[PDB]
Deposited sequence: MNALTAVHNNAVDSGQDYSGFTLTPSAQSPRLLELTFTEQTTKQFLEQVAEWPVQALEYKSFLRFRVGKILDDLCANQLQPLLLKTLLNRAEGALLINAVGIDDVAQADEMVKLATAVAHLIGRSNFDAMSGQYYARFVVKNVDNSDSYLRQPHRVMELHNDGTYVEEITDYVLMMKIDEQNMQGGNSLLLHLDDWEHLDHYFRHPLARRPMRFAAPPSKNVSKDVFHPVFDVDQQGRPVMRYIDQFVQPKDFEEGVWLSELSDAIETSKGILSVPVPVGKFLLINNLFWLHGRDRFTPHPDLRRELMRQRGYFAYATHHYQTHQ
């Protein structure tokens, strides 16, 4: 995998669709110097600073970062990245981790308000029905019960102690062996009710600009209105969960997954409970916003 200014990029061991982007130690060192004056708390109060820290990182990569992130995330054949910075790999560096993740996100779009934290990101600690270790968290898309589309999901590993399992699960729609069967079903186009934990109605599948399937699915929030929709959804669920195309991805401390939420589903594998278990995560979810040469009216 290739050499860019300030970082390297290589395919993952799980899939060529998922690429691993690592910022050099020198880029990392300089980034942290140049953003030291804004603590995370400044980023939380002034959203424009989220874009500024973005600019600082991209400028350190000779402006090669932003176009690469976008080309990868929007490329149907790929659409997923695992990102890290050499030197940021310990829980003591959580703030620095948030700054990094924030900078990358705000080069490609904007992170949405998170109702769990009341901020643009959320950090969660896991320590020893839905909260359950031996439970796989089923593959899904985020953002299914609001009108606005969530284009990206960012999941960062902040701490990991005494943890067995709990890999991120991923499925690219084009690796799913049953796509054609479910996409070509009439109920693939049936608007269904999705309800928060005001209701919205949208189909479970849609298409991208070129007519290729995309999904907006989660088992917990979809609300089949009758026996027809119900049985079909229970079959679709089994067809996703038993897929041979599912990826299992370890996310080491300091690294984060950044994926296109339209044609990747994500989930979490089970893990072993242990009295001294500690896992800390950070999430952001947002929309893409980027410049292209395209048409406009007026002056």
Checklist entry - Which parts of the deposited sequence have no C-alpha atoms in the model? => result 1 to 14, 143 to 148, 218 to 223
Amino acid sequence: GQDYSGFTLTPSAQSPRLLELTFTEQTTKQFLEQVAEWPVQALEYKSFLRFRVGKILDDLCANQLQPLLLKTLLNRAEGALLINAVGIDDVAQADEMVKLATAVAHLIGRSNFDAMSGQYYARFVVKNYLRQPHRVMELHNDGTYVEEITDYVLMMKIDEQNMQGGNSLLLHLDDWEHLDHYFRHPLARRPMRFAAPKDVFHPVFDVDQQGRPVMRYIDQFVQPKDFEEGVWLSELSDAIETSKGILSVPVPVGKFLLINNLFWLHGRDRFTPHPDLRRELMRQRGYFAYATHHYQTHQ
From here on, numbers count along this sequence of modelled residues.
Checklist entry - Mean CA B-factor: is it higher for 109 to 117 or for 132 to 140? => result 132 to 140
Checklist entry - Can you tell me which stretch has the higher mean Cα B-factor, 252 to 260 or 32 to 40? => result 32 to 40
Checklist entry - What's the residue among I83, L154, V214, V126 with the greatest CA temperature factor in the PDB record? => result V126
Checklist outcome for this item: Among the modelled residues of its chain, the C-alpha B-factor of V98 falls in the third labelled middle
Item to check | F48 - which third its CA temperature factor falls in, relative to the rest of the chain | outcome: middle
Item to check | Entry-reported Cα temperature factor of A92, expressed as the chain third it lands in | outcome: highest
Checklist entry - Sorting the chain's CA B-factors, does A289 end up in the lowest, middle or highest third? => result lowest
Checklist entry - Mind checking which third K198 falls in for C-alpha B-factor across the chain? => result highest
